[PDB]
Amino acid sequence: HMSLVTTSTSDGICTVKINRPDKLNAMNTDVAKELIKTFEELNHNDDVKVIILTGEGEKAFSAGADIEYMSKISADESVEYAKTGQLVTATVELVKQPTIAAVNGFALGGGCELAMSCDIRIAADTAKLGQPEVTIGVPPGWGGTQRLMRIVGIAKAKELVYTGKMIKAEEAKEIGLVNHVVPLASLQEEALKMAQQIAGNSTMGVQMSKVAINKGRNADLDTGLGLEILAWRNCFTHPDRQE
Amino acid sequence: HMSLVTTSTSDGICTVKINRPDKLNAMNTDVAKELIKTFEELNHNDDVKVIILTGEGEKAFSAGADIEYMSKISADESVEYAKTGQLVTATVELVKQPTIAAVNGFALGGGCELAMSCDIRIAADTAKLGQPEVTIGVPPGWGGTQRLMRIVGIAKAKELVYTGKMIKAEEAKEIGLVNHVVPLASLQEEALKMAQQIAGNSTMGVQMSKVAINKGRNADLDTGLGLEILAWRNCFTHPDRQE
Amino acid sequence: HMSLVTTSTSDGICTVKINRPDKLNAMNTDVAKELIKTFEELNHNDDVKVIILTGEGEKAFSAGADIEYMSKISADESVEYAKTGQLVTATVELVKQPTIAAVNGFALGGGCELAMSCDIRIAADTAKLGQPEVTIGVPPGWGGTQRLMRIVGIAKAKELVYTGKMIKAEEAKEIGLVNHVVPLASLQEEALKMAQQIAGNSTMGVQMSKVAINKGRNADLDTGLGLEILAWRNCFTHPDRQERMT
């Protein structure tokens, strides 16, 4: 259902690949439940420095809009349907090590919506991003009603959700949907390139900033400063700074 | 000072025009209270499903910045002038149906503040968006110091208001003040074409998204995730989910 | 360790110049306290209208990330350094007068946080805008974590903080954390030209926009309209409402 490998200098980089290329890397309850335990529910081990995640099959990231169609059931279970979706993204969002997202082609419905849970998005030149959902009859509910608001601003947020169309990776880069663009033949080398750069830094300095940056976004500027200092001193209790 | 037309497919486009081609469709007390009558005090007819708006004459969308000032008396009377403008912008922002700001040229001051209340804004190559205000001697009162900050971000509203310049179309899309700078003239030919795509999808997938997106524009992410679930579940108890 | 040099049309334009070229205008506690105890007087001097803060010549703003690095106290006075660091970056932001940073070259570390605290920041293509804090263990303590996020976006704020790379300031214009671009002869012309573009407007209009922009961003829109209307009114009891609408 999935695959993962760990490899770097001193074994500090690991990748997670969604293994369903026969079904356009679609995500269901079975796959989404395994990804929750893959990241170990907000705390990984000691070995890894920074994680990478992407889709296997070279075609799409997770095109859960053309093949993923099963909701003909009672609306009561939609609460649990749109709660394991939030569970995986939040686990992706607040996992202890940073993750660099690597969009490989199409990402629609929830696959793109899962991509918004990460830190850095390295894009393939053949990507086709969007939030279709609405054309079926249901809005996004896997977390995306407040991600596009937080990444690309609100001006571009109300566009891709109301329409459900698709825009090019270049346009996605223009609005900030994907941070950087690399060619499709230079993805599984440049995705690590950022990670092979990210790993040779302080082991605690990176993840301490993650807490100080993923907790002040909900609060204001003033309260975040008090939150910021608690993580600033948390570094000074660890000898990575001293050497 | 208004007109209603519905010439379109799906019988649901209700673009609103300001019938003052002799004063650049400026804004005052007279027109402002009539906009509520058009938008029917946070309600609208069922037949209309999506909406756009523009300025009549293809010369100015709304130029209520410097040609139509009337505040030189009773600083205690200029609390209703802002509150009326607050009411008109809040009404247009949270309409039942989505909007498209089709700027046909000028949009400044209280006029651009009307364009800034839209969700999707498609611009014109001859646009002259800007917030002089401070040159007049006023700090923007109809959401100019809030709407502009939450749209183009915090770093590009501190120059538009401090200097009070008229930026052109090319530097308006450059930051996110307007989603698209598509033709000034095909704004009618393309926004209805854009709208017919918006209305080509399920309606409850559109307006229930508007409730979730608009409310969570300043709340925390987890609470915003609380907002979406009910709206997500609202789209599960309607005939617009199965068929 | 600095100079005022204030001139304009009916002189009201301030260009405060940090003076320490020997160590690339290093950002230590003395200069982290020198700028507070003059901008307060600048906060208390109503004649001056526009403020500019920068270096003095042609090299760089401030390299307080890898030049001066004093981290040895037993974690107890590091909180004071954070409290001192936060305070120095909270007075420039909330000073009475508009701040045009007009960054000049290397802004990494203390200079970068200080630059982003300003309202309007010009940036070069030769200028360096990046945070190398993480590579030496510490996060950006003076507000790097939550000032980078709000300005450009959380998606791009993490990348510069995590990698700790020195992106060329030309990318920063496309990135979005800086304002304008023009070739390197004279920052003293265009930065101070736009200062006249500010000095030529109402003195209290920007401030009632400044103390309404800096507050309504945090809370929800309905609360933000509070300061929004309580600041629009204040520019009306003042005579400047009835002298420029003529």
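Pairs linking a residue in region B:81-95 that is farther than 22 Å from A:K158 by Cα to a residue that is of a type in the set (S, T, Y) and part of a helix (DSSP H, G or I), with Cβ atoms under 9 Å and 6 or more positions apart or on different chains, are B:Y81/B:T29; B:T84/B:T29.
Can you tell me how many residues in region B:131-152 are on the phi > 0 side of the Ramachandran plot and touching a strand residue (DSSP E or B) at 6+ places or on another chain (Cβ under 7 Å)?
Within region B:131-152, residues that are on the phi > 0 side of the Ramachandran plot and touching a strand residue (DSSP E or B) at 6+ places or on another chain (Cβ under 7 Å) number 0.
Quick check: is even one residue across region B:53-69 among the charged types (D, E, K, R), under 15 Å from the mean Cα position of the chain (by Cα) and not in a helix (DSSP H, G or I)? Within region B:53-69 (the criterion being among the charged types (D, E, K, R), under 15 Å from the mean Cα position of the chain (by Cα) and not in a helix (DSSP H, G or I)), the answer is no, since none of the residues qualifies. Do we have any residue at all in region C:224-234 that's surrounded by fewer than 17 Cβ atoms within 10 Å (Cβ to Cβ), over 23 Å from the mean Cα position of the chain (by Cα) and within 14 Å of chain A (Cβ to nearest Cβ)? No: zero hits.
Could you look through region C:21-38, keep only residues that are assigned to a loop (DSSP other than H, G, I, E, B) and crowded, with 19+ Cβ neighbours inside 10 Å, and pick out the one that is nearest to the chain's Cα centre (by Cα)? Looking at the filtered set, the residue picked out is C:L35. Scoring B:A75 on the criteria (1) in contact with a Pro (Cβ under 8 Å, 6 or more places away or on another chain); (2) closer than 26 Å to C:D222 by Cα leaves a single failure, condition (1).
Of all the listed residues (C:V48, C:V79), the sole one being more than 14 Å from every other protein chain (Cβ to nearest Cβ), surrounded by fewer than 22 Cβ atoms within 10 Å (Cβ to Cβ) and of a type in the set (V, I, T) is C:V48.
Here the condition is being among the acidic types (D, E), in contact with a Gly (Cβ under 8 Å, 6 or more places away or on another chain), within 29 Å of B:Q196 (Cα to Cα) and in the same structural domain as B:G141 (by TED's automatic domain parsing); of B:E93, B:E34, B:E113, it holds for B:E113 alone. For region C:85-129, which residues satisfy the criterion of being basic (K, R) and assigned to a loop (DSSP other than H, G, I, E, B)? Hits for region C:85-129 are C:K96, C:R121. With respect to (1) without any contact (Cβ under 8 Å) to a residue 12 or more places away in the chain; (2) of a type outside the set (D, E, K, R); (3) within 8 Å of another protein chain (Cβ to nearest Cβ); (4) assigned to a loop (DSSP other than H, G, I, E, B), the lone exception for C:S74 is condition (3). Just a yes or no: is a residue in region A:89-107 on the phi < 0 side of the Ramachandran plot, among the aliphatic types (A, V, I, L, M) and surrounded by fewer than 21 Cβ atoms within 10 Å (Cβ to Cβ)? Yes; the residues of region A:89-107 include at least one that is on the phi < 0 side of the Ramachandran plot, among the aliphatic types (A, V, I, L, M) and surrounded by fewer than 21 Cβ atoms within 10 Å (Cβ to Cβ).
In summary, A:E170 fulfils each of the numbered conditions (1) more than 9 Å from every other protein chain (Cβ to nearest Cβ); (2) of a type in the set (D, E, K, R); (3) more than 28 Å from B:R121 (Cβ to Cβ) with the single exception of condition (3).
Residues that are without any contact (Cβ under 8 Å) to a residue 12 or more places away in the chain, within 21 Å of B:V152 (Cα to Cα) and within 14 Å of chain A (Cβ to nearest Cβ) occur in region C:200-218; there is at least one. Taking the residues in region B:108-118 that are within 14 Å of chain C (Cβ to nearest Cβ) and over 16 Å from B:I67 (Cβ atoms) as candidates, determine which candidate is surrounded by the most Cβ atoms within 10 Å (Cβ to Cβ). Looking at the filtered set, the residue picked out is B:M116.
Residues of region C:177-215 that are under 15 Å from the mean Cα position of the chain (by Cα) and among the small types (G, A, S): C:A191, C:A195.
Basis: the model, the stated rules and, where named, an outside source; none is laboratory data. In this analysis, Cβ positions are derived from the backbone assuming ideal geometry, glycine residues included, and neighbour counts consider all displayed protein chains.
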